[PDB]
């Protein structure tokens, strides 16, 4: 995959491999690892992250919705996949034909599905229980039993597992968390039989209490080397390795005279003669306008962004007359300077999770494995 604009993201698969390996070491032998690769693996590349996680010790994969599971299958991934979110009862046959497990939490879903499907492939279901997140999941014992009854009755429906999700596993105070964990145990008792796969921990929960992860953990944010939250960082059992970095190059360089304005709205005025560099990245690439007033790295030095950020372009104040082609790092390291995704999330007034997901389809991803470029992916 080649691309023709000097803007790209770099995904170090070694960082992903290591984050997964360290979790494997930490976790009891009986706890499996399910790599969470939804949203194109949090913007890092679904297949690339998936195959690497499987190498490091993960045996299963998780995605947000059916299409994401189908995209993995089409790309050659044959490992087990679980859709964490909702799906259509009408798509049960497709999921089954494609060996994709589905999350379920309503009895009417199963009834609708039973009327529309009768074989020949079995469908593996993971019952979602709401223990406090208030997102998806069954909440009454009567419903739980009805759902189980419908699955056991259908000759092609299988209850592979059951789970819940924690809403505050990344907060120092563990009051609500403990509440959710306790409620989960009580609800499990509603099941006539304990499914082979019981899981509940995400990155925060698994890393903090690896001994209360039952038989499978759903490793997400930490696999990409990003902390679940600022407050949990000083609690992480091992150093996370950031895998995502973002770069570009100066495509234009010019010296402005005092009084000259830059970008839309002419919001910036050069107070003194200075050199301005233009880079080929804008908000259509996920470098949102809110990043105005932020600093990028060039020649190992911080260079503030000047004026408003454009759809495809960006202007910065250079320390001096630098040549076109000079490497600009928006996320990553240059010399003794470093910009993390947390720094970017901070300025964007959001959390690390959102940043890589927002770097759009337009930005090619270059993959590094064993310190060598292994593959390049340009969505267009």
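Residue numbers count along the first chain shown, from 1.
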Original post:
Got a sec? Mean C-alpha B-factor, which is higher, 352 to 360 or 17 to 25?
Top reply: 17 to 25
Subject >> Average Cα temperature factor in the PDB entry - higher stretch of 168 to 176, 111 to 119 >> reply: 168 to 176
Original post:
Whose C-alpha has the highest temperature factor in the PDB entry: 246, 86, 71, 191?
Top reply: 191
Original post:
Out of 93, 288, 276, 185, which shows the largest CA B-factor listed in the entry?
Top reply: 185
Original post:
When the modelled residues of the chain are sorted by Cα temperature factor, does residue 7 land in the lowest, middle or highest third?
Top reply: lowest
**OP:** Taking the values exactly as deposited, rank residue 321 by C-alpha B-factor within its chain and report the matching third: lowest, middle or highest.
**Re:** highest
Original post:
Sorting the chain's CA B-factors, does residue 312 end up in the lowest, middle or highest third?
Top reply: lowest
Original post:
If you rank the chain by CA B-factor, which third does residue 263 end up in: lowest, middle or highest?
Top reply: middle
Subject >> Ranked against its chain, the third holding the CA B-factor of residue 214 >> reply: highest
